[PDB]
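In: This one is an experimental structure. Sequence first:
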Amino acid sequence: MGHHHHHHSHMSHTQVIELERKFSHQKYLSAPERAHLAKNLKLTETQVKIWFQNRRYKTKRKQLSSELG
């Protein structure tokens, strides 16, 4: 068993705006918020979780150095 289909989804520019509208209000999605945003954009919980992971990995975090993925 495992992930039947998995990669970095080539999502649409307007669809990424909706992801950033969700991100702007809350940086972390739980299973309800993630599935809700998924079905609204016809995405999967996986694809949405990969996106919110990457944006928090690409944003300026307080470490030894600025984490810009």
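Out: Everything's here; your move. Residues are numbered from 1 along each chain as shown.

In: quick one: residue 62 from residue 19, how far?
Out: Going from residue 62 to residue 19 by CB to CB, to the nearest Å gives 24 Å. For every residue, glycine as well, the C-beta is placed using N, CA and C.

In: So which of these two has more stuff around it?
Out: Taking neighbours as other CB atoms under 10 Å, residue 62 and residue 19 compare with residue 19 leading, 19 against 7.

In: and the more buried one, what element?
Out: Per DSSP states H and E, residue 19 falls inside helix 13-25.

In: Can you point out the buried residues in that helix?
Out: Within helix 13-25, the residues scored as buried using 16 or more other CB atoms under 10 Å are 19, 22, 23.

In: what about the residue lying closest to the last one once chain neighbours are set aside, how many residues close to it?
Out: Okay, so that is residue 23. Of all residues not flanking residue 23 in the chain, residue 55 sits nearest, at 5.9 Å (CB to CB, 6 or more residues apart in numbering). Neighbours of residue 55 under the rule other CB under 10 Å: 15.

In: Hmm, residue 24 and residue 55 touching each other?
Out: No - Residue 55 is beyond contact range of residue 24, at 10.5 Å (criterion: CB atoms under 8 Å).

In: I'd say residue 26 and residue 33 touch.
Out: Yes - using CB under 8 Å, residue 26 is in contact with residue 33, at 7.0 Å.

In: okay, the two: which has more neighbours?
Out: The neighbour comparison of residue 26 against residue 33 (other CB under 10 Å) goes to residue 33, with 16 against 10.

In: element containing that one?
Out: Judged by DSSP H and E, residue 33 forms part of helix 31-40.

In: contacts for the helix or strand following that helix?
Out: Moving toward the C-terminus from helix 31-40, the next helix or strand (DSSP H and E) is helix 45-58. With CB atoms under 8 Å, 6 or more residues apart in numbering as the contact definition, helix 45-58 has outside contacts at 3, 6, 8-9, 11, 16, 19-20, 23, 27-29, 31, 34-35, 37-38, 41, 67-69.
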